Amino acid sequence: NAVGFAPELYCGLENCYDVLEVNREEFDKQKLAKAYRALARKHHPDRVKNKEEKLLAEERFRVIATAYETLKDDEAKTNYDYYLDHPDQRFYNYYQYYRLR
Ligand SMILES: [Cl-]
């Protein structure tokens, strides 16, 4: 439930698993990498000609890359899953996010 999310953490008001169209319950790193590479290709700014559309592509690309960075790193993913599961533990979740970075 994205009402429990903080805009400044992780994928903001999207769930990073949803961003990459991967399933938390059927997760593995092979599937995650394939999903990232396909969506990164799709949203890459080289694929569009004009300056304004390239900015819009970069905007989305940033989210795709954040989702992959969060889920591919074992420690970040453990922190992320805890955050999803414990939205009321605000200080702890913020601390773990910023500590890792
Ligand atoms: Cl957001």
# chains A, B, ... in the order shown; residues from 1 in each chain; ligands from 1
>>> residues_around(residues="residue 74 (chain A)", least_positions_apart="6", cutoff="12 Å", atoms="only C-alpha atoms", output="list in words")
residues 28, 29, 68, 80, 81 and 100 of chain A
>>> residues_near_ligand(ligand="ligand 1", cutoff="10 Å", atoms="only C-alpha atoms and all ligand atoms", output="MDAnalysis selection string")
chainID A and resid 2 5:15 63
>>> write_last_selection(atoms="N, CA, C and O atoms", output="PDB file, in the first residue's frame")
ATOM      1  N   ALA A   2       0.813   1.966  -1.120  1.00  0.00           N
ATOM      2  CA  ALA A   2       1.698   3.098  -1.389  1.00  0.00           C
ATOM      3  C   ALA A   2       1.398   4.309  -0.520  1.00  0.00           C
ATOM      4  O   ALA A   2       2.255   5.197  -0.386  1.00  0.00           O
ATOM      5  N   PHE A   5       4.132   4.646   1.824  1.00  0.00           N
ATOM      6  CA  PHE A   5       5.474   4.932   1.294  1.00  0.00           C
ATOM      7  C   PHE A   5       5.873   6.390   1.522  1.00  0.00           C
ATOM      8  O   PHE A   5       5.032   7.286   1.618  1.00  0.00           O
ATOM      9  N   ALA A   6       7.187   6.610   1.530  1.00  0.00           N
ATOM     10  CA  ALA A   6       7.753   7.940   1.513  1.00  0.00           C
ATOM     11  C   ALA A   6       8.267   8.250   0.112  1.00  0.00           C
ATOM     12  O   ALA A   6       9.062   7.499  -0.444  1.00  0.00           O
ATOM     13  N   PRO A   7       7.817   9.373  -0.483  1.00  0.00           N
ATOM     14  CA  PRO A   7       8.314   9.805  -1.807  1.00  0.00           C
ATOM     15  C   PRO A   7       9.849   9.850  -1.931  1.00  0.00           C
ATOM     16  O   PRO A   7      10.405   9.559  -2.998  1.00  0.00           O
ATOM     17  N   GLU A   8      10.548  10.215  -0.855  1.00  0.00           N
ATOM     18  CA  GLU A   8      11.997  10.364  -0.957  1.00  0.00           C
ATOM     19  C   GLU A   8      12.763   9.040  -0.844  1.00  0.00           C
ATOM     20  O   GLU A   8      13.963   9.005  -1.092  1.00  0.00           O
ATOM     21  N   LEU A   9      12.092   7.950  -0.470  1.00  0.00           N
ATOM     22  CA  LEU A   9      12.829   6.670  -0.308  1.00  0.00           C
ATOM     23  C   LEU A   9      12.617   5.731  -1.499  1.00  0.00           C
ATOM     24  O   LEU A   9      11.520   5.643  -2.041  1.00  0.00           O
ATOM     25  N   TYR A  10      13.684   5.018  -1.876  1.00  0.00           N
ATOM     26  CA  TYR A  10      13.559   3.933  -2.861  1.00  0.00           C
ATOM     27  C   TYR A  10      12.849   4.419  -4.137  1.00  0.00           C
ATOM     28  O   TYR A  10      13.260   5.449  -4.703  1.00  0.00           O
ATOM     29  N   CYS A  11      11.826   3.681  -4.600  1.00  0.00           N
ATOM     30  CA  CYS A  11      11.116   4.069  -5.842  1.00  0.00           C
ATOM     31  C   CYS A  11       9.943   5.034  -5.573  1.00  0.00           C
ATOM     32  O   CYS A  11       9.032   5.149  -6.416  1.00  0.00           O
ATOM     33  N   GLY A  12       9.990   5.722  -4.435  1.00  0.00           N
ATOM     34  CA  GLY A  12       9.017   6.766  -4.123  1.00  0.00           C
ATOM     35  C   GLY A  12       7.637   6.193  -3.900  1.00  0.00           C
ATOM     36  O   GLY A  12       7.489   5.253  -3.089  1.00  0.00           O
ATOM     37  N   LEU A  13       6.631   6.710  -4.635  1.00  0.00           N
ATOM     38  CA  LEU A  13       5.264   6.199  -4.458  1.00  0.00           C
ATOM     39  C   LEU A  13       4.904   4.996  -5.367  1.00  0.00           C
ATOM     40  O   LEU A  13       3.746   4.545  -5.402  1.00  0.00           O
ATOM     41  N   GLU A  14       5.929   4.410  -6.008  1.00  0.00           N
ATOM     42  CA  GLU A  14       5.792   3.108  -6.650  1.00  0.00           C
ATOM     43  C   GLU A  14       6.569   2.094  -5.877  1.00  0.00           C
ATOM     44  O   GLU A  14       7.601   2.415  -5.253  1.00  0.00           O
ATOM     45  N   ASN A  15       6.058   0.872  -5.924  1.00  0.00           N
ATOM     46  CA  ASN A  15       6.775  -0.288  -5.346  1.00  0.00           C
ATOM     47  C   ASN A  15       7.853  -0.740  -6.354  1.00  0.00           C
ATOM     48  O   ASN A  15       7.591  -0.882  -7.569  1.00  0.00           O
ATOM     49  N   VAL A  63      13.936   5.954 -12.527  1.00  0.00           N
ATOM     50  CA  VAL A  63      13.169   5.065 -11.628  1.00  0.00           C
ATOM     51  C   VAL A  63      13.524   3.586 -11.850  1.00  0.00           C
ATOM     52  O   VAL A  63      13.641   2.808 -10.876  1.00  0.00           O
TER      53      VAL A  63
END
>>> residues_around(residues="residue 17 (chain A)", least_positions_apart="2", cutoff="10 Å", atoms="only C-alpha atoms", output="MDAnalysis selection string")
chainID A and resid 11 14:15 19:24 27 32 67:68 70:71
>>> write_last_selection(atoms="N, CA and C atoms", output="short mmCIF file (atom, residue, chain, number, x, y, z; two decimals), in the first residue's frame")
data_model
loop_
_atom_site.label_atom_id
_atom_site.label_comp_id
_atom_site.auth_asym_id
_atom_site.auth_seq_id
_atom_site.Cartn_x
_atom_site.Cartn_y
_atom_site.Cartn_z
N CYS A 11 11.83 3.68 -4.60
CA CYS A 11 11.12 4.07 -5.84
C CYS A 11 9.94 5.03 -5.57
N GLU A 14 5.93 4.41 -6.01
CA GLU A 14 5.79 3.11 -6.65
C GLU A 14 6.57 2.09 -5.88
N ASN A 15 6.06 0.87 -5.92
CA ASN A 15 6.78 -0.29 -5.35
C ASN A 15 7.85 -0.74 -6.35
N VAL A 19 7.75 -1.65 -10.38
CA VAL A 19 8.46 -0.88 -11.41
C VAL A 19 9.12 -1.78 -12.47
N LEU A 20 9.73 -2.86 -12.00
CA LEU A 20 10.36 -3.82 -12.90
C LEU A 20 9.46 -4.99 -13.32
N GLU A 21 8.20 -4.96 -12.91
CA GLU A 21 7.21 -6.01 -13.23
C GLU A 21 7.75 -7.39 -12.79
N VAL A 22 8.40 -7.43 -11.64
CA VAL A 22 8.83 -8.68 -11.03
C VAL A 22 8.01 -8.95 -9.78
N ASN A 23 8.00 -10.20 -9.34
CA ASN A 23 7.11 -10.60 -8.26
C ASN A 23 7.97 -10.85 -7.03
N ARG A 24 7.71 -10.17 -5.92
CA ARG A 24 8.49 -10.42 -4.70
C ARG A 24 8.50 -11.91 -4.30
N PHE A 27 10.83 -14.05 -6.69
CA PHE A 27 12.04 -13.30 -7.02
C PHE A 27 13.26 -14.18 -7.23
N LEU A 32 15.37 -10.73 -12.28
CA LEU A 32 15.47 -9.29 -11.99
C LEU A 32 16.36 -8.62 -13.04
N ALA A 67 15.02 1.07 -9.05
CA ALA A 67 14.38 -0.21 -8.67
C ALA A 67 15.42 -1.32 -8.75
N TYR A 68 16.24 -1.29 -9.79
CA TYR A 68 17.21 -2.41 -9.94
C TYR A 68 18.27 -2.33 -8.84
N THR A 70 17.99 -1.12 -5.87
CA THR A 70 17.38 -1.49 -4.59
C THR A 70 17.23 -3.00 -4.48
N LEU A 71 16.86 -3.66 -5.59
CA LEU A 71 16.51 -5.07 -5.49
C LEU A 71 17.70 -5.99 -5.76
#
>>> residues_around(residues="residue 101 (chain A)", least_positions_apart="4", cutoff="12 Å", atoms="only C-alpha atoms", output="NGL selection string")
:A and (9-10 or 69-70 or 73 or 75-76 or 79 or 94-97)
>>> write_last_selection(atoms="N, CA and C atoms", output="PDB file, in the first residue's frame")
ATOM      1  N   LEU A   9      12.092   7.950  -0.470  1.00  0.00           N
ATOM      2  CA  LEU A   9      12.829   6.670  -0.308  1.00  0.00           C
ATOM      3  C   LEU A   9      12.617   5.731  -1.499  1.00  0.00           C
ATOM      4  N   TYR A  10      13.684   5.018  -1.876  1.00  0.00           N
ATOM      5  CA  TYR A  10      13.559   3.933  -2.861  1.00  0.00           C
ATOM      6  C   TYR A  10      12.849   4.419  -4.137  1.00  0.00           C
ATOM      7  N   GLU A  69      18.762  -1.120  -8.556  1.00  0.00           N
ATOM      8  CA  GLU A  69      19.772  -0.939  -7.506  1.00  0.00           C
ATOM      9  C   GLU A  69      19.262  -1.388  -6.145  1.00  0.00           C
ATOM     10  N   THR A  70      17.986  -1.116  -5.869  1.00  0.00           N
ATOM     11  CA  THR A  70      17.377  -1.490  -4.593  1.00  0.00           C
ATOM     12  C   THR A  70      17.230  -3.001  -4.481  1.00  0.00           C
ATOM     13  N   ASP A  73      20.960  -5.477  -4.911  1.00  0.00           N
ATOM     14  CA  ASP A  73      21.867  -5.487  -3.771  1.00  0.00           C
ATOM     15  C   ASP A  73      21.209  -6.201  -2.592  1.00  0.00           C
ATOM     16  N   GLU A  75      21.666  -6.394   0.666  1.00  0.00           N
ATOM     17  CA  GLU A  75      21.430  -5.588   1.861  1.00  0.00           C
ATOM     18  C   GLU A  75      20.310  -4.571   1.635  1.00  0.00           C
ATOM     19  N   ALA A  76      20.348  -3.889   0.491  1.00  0.00           N
ATOM     20  CA  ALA A  76      19.314  -2.888   0.129  1.00  0.00           C
ATOM     21  C   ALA A  76      17.969  -3.620   0.060  1.00  0.00           C
ATOM     22  N   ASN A  79      16.621  -4.445   3.450  1.00  0.00           N
ATOM     23  CA  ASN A  79      16.088  -3.183   4.002  1.00  0.00           C
ATOM     24  C   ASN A  79      14.751  -2.803   3.354  1.00  0.00           C
ATOM     25  N   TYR A  94      14.022   5.064   7.405  1.00  0.00           N
ATOM     26  CA  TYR A  94      14.828   6.160   6.883  1.00  0.00           C
ATOM     27  C   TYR A  94      16.307   5.974   7.198  1.00  0.00           C
ATOM     28  N   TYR A  95      16.616   5.627   8.453  1.00  0.00           N
ATOM     29  CA  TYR A  95      17.993   5.396   8.877  1.00  0.00           C
ATOM     30  C   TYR A  95      18.671   4.308   8.001  1.00  0.00           C
ATOM     31  N   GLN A  96      17.991   3.175   7.810  1.00  0.00           N
ATOM     32  CA  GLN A  96      18.602   2.084   7.028  1.00  0.00           C
ATOM     33  C   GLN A  96      18.844   2.518   5.581  1.00  0.00           C
ATOM     34  N   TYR A  97      17.898   3.267   5.016  1.00  0.00           N
ATOM     35  CA  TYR A  97      18.043   3.771   3.637  1.00  0.00           C
ATOM     36  C   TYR A  97      19.276   4.682   3.536  1.00  0.00           C
TER      37      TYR A  97
END
>>> closest_residue(among="A:99, A:90, A:59, A:38", to="residue 4 (chain A)", atoms="only C-alpha atoms")
A:90
>>> atom_distance(atom1="CA of residue 41 (chain A)", atom2="CA of residue 65 (chain A)")
11.1 Å
>>> closest_residue(among="A:89, A:56, A:83, A:72", to="residue 31 (chain A)", atoms="only C-alpha atoms")
A:72
>>> atom_distance(atom1="CA of residue 78 (chain A)", atom2="CA of residue 98 (chain A)")
14.1 Å
>>> select_by_dssp(residues="region 1-86 of chain A", states="helix (DSSP H, G or I)", output="PyMOL selection string")
chain A and resi 2-4+16-19+24-26+29-42+45-47+51-72+74-85
>>> atom_distance(atom1="CA of residue 64 (chain A)", atom2="CA of residue 34 (chain A)")
12.4 Å
